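Structure below; questions to follow.
The letters A, B, C, D, E, F, G and H name the chains in turn, as written, and every chain counts its residues from 1.
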Amino acid sequence: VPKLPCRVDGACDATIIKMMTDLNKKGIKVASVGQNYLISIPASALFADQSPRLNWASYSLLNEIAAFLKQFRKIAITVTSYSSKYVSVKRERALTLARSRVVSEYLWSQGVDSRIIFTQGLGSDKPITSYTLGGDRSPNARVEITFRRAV
Amino acid sequence: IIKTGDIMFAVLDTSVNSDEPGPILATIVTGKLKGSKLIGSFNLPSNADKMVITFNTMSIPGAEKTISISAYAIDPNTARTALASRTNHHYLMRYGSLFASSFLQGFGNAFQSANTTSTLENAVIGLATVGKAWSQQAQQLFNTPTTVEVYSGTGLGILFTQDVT
Amino acid sequence: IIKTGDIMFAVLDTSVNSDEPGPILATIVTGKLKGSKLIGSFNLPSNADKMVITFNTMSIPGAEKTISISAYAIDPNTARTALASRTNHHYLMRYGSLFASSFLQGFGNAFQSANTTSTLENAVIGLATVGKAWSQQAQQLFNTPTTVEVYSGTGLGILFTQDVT
Amino acid sequence: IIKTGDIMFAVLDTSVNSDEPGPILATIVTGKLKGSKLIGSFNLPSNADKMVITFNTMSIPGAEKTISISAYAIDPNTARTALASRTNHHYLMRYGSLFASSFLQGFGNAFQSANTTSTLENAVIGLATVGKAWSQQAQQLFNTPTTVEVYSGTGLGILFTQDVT
Amino acid sequence: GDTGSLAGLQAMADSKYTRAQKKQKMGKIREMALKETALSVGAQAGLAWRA
Amino acid sequence: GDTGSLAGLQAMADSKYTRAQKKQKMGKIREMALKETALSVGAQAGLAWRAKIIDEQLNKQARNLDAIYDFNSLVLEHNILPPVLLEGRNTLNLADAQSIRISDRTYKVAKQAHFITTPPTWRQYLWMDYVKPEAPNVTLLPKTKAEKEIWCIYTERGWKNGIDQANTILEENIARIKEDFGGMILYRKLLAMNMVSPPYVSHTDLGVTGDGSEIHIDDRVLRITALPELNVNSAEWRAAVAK
Amino acid sequence: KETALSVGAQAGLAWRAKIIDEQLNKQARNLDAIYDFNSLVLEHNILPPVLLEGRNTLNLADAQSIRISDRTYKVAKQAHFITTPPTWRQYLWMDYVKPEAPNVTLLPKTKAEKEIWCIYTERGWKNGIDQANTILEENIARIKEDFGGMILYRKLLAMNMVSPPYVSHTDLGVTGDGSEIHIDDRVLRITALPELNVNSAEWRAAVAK
Amino acid sequence: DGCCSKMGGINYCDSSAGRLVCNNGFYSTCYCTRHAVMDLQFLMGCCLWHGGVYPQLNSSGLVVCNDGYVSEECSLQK
């Protein structure tokens, strides 16, 4: 015991499950199927009205995301951005690209213990709900972060 | 080949007192040597605080052989060389004999002396006159030691002294 | 290669009293030598303030070798030669026996003397006459040493005397 | 190369009473010779005003060589030869035993003598008769000297006697 | 005892097993030859009767 | 202590800690031997118990064992045990300075093909040996609760070590049988590939024979001569394809 | 007395060694990102040799003995084969042990003894720290020297003043008997040990902008 | 203490993964054996990155690694 670590450093399964429950009841979607994990966040609670900029209060949420991401031993990370149809295709794709870039940059700045990070956006080309009444409040406008836990 | 200073077990069947030398035999019942037997004799220490056995003549079956390994015995469940016997054999005997002889002497002399200041005289007679010879004989015999005697059904453990081929 | 007079540690298992010489065996527990056994005997000092063991026959198993390193035991955590035993075993017995024999002598003679200045005379009889033989036998036996006994579950520290290879 | 009769310091780790000579060891901690040990014995003086240690067999590592430069010990930081220990071990015991035995003799004899001019008679009995044997045994054992004993946790100073290399 | 070895050793840490074997070694060394003697006599008698 | 070792030595300057050391000096001298006994007994007991358990578990799966290592389904037409082949890929050796030797593939014959009487079985290989030991002999016994506890924990350590040792032995055996089976199947594949020469067996026959007291009706002798071996000639080697 | 000095020195040395080791481990990526060796490693997995340069050489031997030159170049170690490129741990990561055996030989009883014990502890601690720093400096100097030699060899070969090693490979088909075979034998040998040319006619210079 | 705390509870260990499995089908953070993927960045011992401590006994404080280099740091020096 005083010669080898009994567990991954700073890892607590009780903490993991508790924060998972807290995030899910907060409203950010979290799914763990098999050895692959996916997390979804609505656009409005993170960005401005179709604007590549960050609301200040969202930094606490980003900190919580980083705290959750610290625990797992991860190799590759993927972040994708999606939005609604506003002006064109190019404009929306550029907006998603910028959002992915900024979120990836901040995550890498934070202590993410991964080796590879991929970032991309796809505008409004992959709708997930027929109900598109609202604008940025629509669920389809979102950001996804996915990976597979290894060993 | 027997390791220098190892321990085996055997069984003692022939009982005898620690009074006269005699052949005492045990039979090895464990280890490599099976069916082998061992003849030896005993000794007497200065006091009755223990009793140990010297075993020298080992006879092993199979071939016509007779080895002369010398070893001693240690009491199982004791881890001591003492032998299961009794040591209070002849204490009270000589104690009472000597004390009674002295008491006779005293009674005779004192009740003869206290006459100035028939059966009483006869008691004086017996006690006084039979005190002396009995007392000196008791003093002569007082040096008899207390003996010990081995039992006829007690096992034994044996540590070895010199090796064999 | 053993240093000139170095310190090792062993464990002793078989016990005996300081009364009768015999083979005693122990085993080294640590250091370079492992599994080594050691046979020897004891010695008796004039003063019972210490007790040590003569250990000479060192046999290390594996290879058929028997070096002649003679060593002793030093009491653990005392760095001294005092042994785990008692020293007041046979003072009170002889003191009381001698004093009581003397008291009997005195009682008989004094209560005979005080007659000028039946059962009382009988008390005179018994004490006066049985005090004397008891007193002389007590003087005879007064020199019995207060023996000590080693214990059967104590380890030991060993200081070596000669070098080996 | 060492001067003829120079100074050195050593650390003493083991103790013993001045009762039984035996092997003893110390460690030189400073000077050119580092990690070296020194084994020897002690002496018994007629007077208890000092106590010294004989240290000759020097075991120095580096090479398995054993020089035998003989040396003694002095009181650390005192530049004196006496031993830091106790010397009043067995004065009072023998004094009291002797005086008590004498008092018993005197009490019995004098209280018997003054009878002309039963419990008191019994006291006379006991004192007069048990005083003598106690007195003679106490005179026999009165010649016991008071011992000295070093301690196992004090450093020592060593003066050289012969040169070595 | 020796089956659930961990529990058996935890128990044998105490000296109750020592005091138990103290008396049992007496019989274990005492009764040995009786077995062989009984075996021999039974073998002889049974062989003769069966024959 | 040695963490703020300056402060540790400053605290140790006071002699009450030396007084505390005066009593615990005993354990370093006397108690340091009980651990070996505890380790030994724990190792023995754990090894034996694990061996029994693994033997029972292995027996639980009898059918699959032969079902997979059916050697009898690999014997040749004259009751011949096929030989064993070993293959290495991307061989490289650095002999010394200015000396490199490389090759792509290499092959070695490990066990030459010989005759057989009955096909081998896994029980020869993977049957762990079990004998129950029932002789717990202890010389020194703990007398204080502390040394009792350390005896218990060291016993647990020995238990763990015995379990690990048994697992290691099983791993070695299973590796060995894997090696043998892989060699045989590789030999079959290579012989199909036409890189080795199939073994050759001849025979001789004698009719009725013997004296007027001992007779045999027919006496036939079978001897193999061409031990299988690689064919260094390469042009005739045949490759394969899939879909 | 001197025991306090010894124990303070040992403890301080060990403590400083642990501190410096953890500090070194704190920065990993920068370290090897700096001291890459594969980039220098040539095409045949051969470690380039080591070159040392000195300038303005003047030597006096005795009364009337003066020798003077501009530059001198020395070949330190010849190029040799290598499977995996080296690293920096073996050059900088110093060993470490935990001294856990302070023996109670000389223990302070007098208050002045305790005071001098404290001061000797302090000075031994400082001395051990200094020794550890010297050890680190030595390691850094050695590794820097080796790397600089590598760089100098690269620059000289670029300037075309040394002969790049010439390597011969002999290729053979299948080998061995019908029991042991190697499909495609190949032997790699290096013969032309790199060395500096002695004729300046071939020397070509460069000029920045 | 509790590897599967706030979960279903400890079931057993997958040795091949070298990891424990809770009742809920999630790998716990704990470990089973040395034959598992740890992360090692610091370690003890001396004569590292060398031939290791030479088994021979040097009476002096010097200790030499089997490659021939001498490490005063592992050695003791006056």
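List of remarks:
Here is the rule we use: contacts are C-beta pairs under 8 Å (C-beta built on N, C-alpha and C of every residue); 3 or more make two chains touch, one makes a residue touch a chain.
Between chain B and chain C, the superposing rotation on Cα atoms measures out at 25°, rounded to the nearest 5. Centre-to-centre, using mean CA coordinates, chain C is 54 Å away from chain H. Centre-to-centre separation between chain B and chain H, using Cα means, comes to 66 Å.
Averaged C-alpha coordinates give centres for chain C and chain D that are 21 Å from one another. Chain C and chain F, compared by their mean Cα positions, are separated by 58 Å.
Along chain H, residues 78 each make contact with two or more other chains. Inter-chain contacts occur between A-H, B-C, B-E, C-D, C-F, D-G, D-H, E-F, F-G, G-H.
Of all residues in chain H, those touching chain A in their complex are 2-7, 17, 19, 22, 26-31, 34, 37-39.
Chain F makes touch with chain E in their complex at residues 41-42, 45-46, 48-49, 134, 136, 138, 141-142, 148, 151-152, 155-156, 159. Contact residues on chain C toward chain F in their complex (touch as defined above): 9, 11, 13, 29-30, 76-77, 153, 155, 157. Every residue of chain C that touches chain D in the complex is listed here, in rising order: 1, 3-7, 45, 47, 49-50, 52, 72, 74, 78-82, 98-99, 102-103, 105-107, 109-111, 113-114, 117, 131, 135, 138-139, 142, 159, 161, 163. Contact residues on chain D toward chain C in their complex (touch as defined above): 13-17, 19-20, 22-23, 25, 37, 39, 57, 59, 61, 64, 66, 108, 112, 115-116, 121-122, 124-126, 128-130, 132-134, 137, 147, 152.
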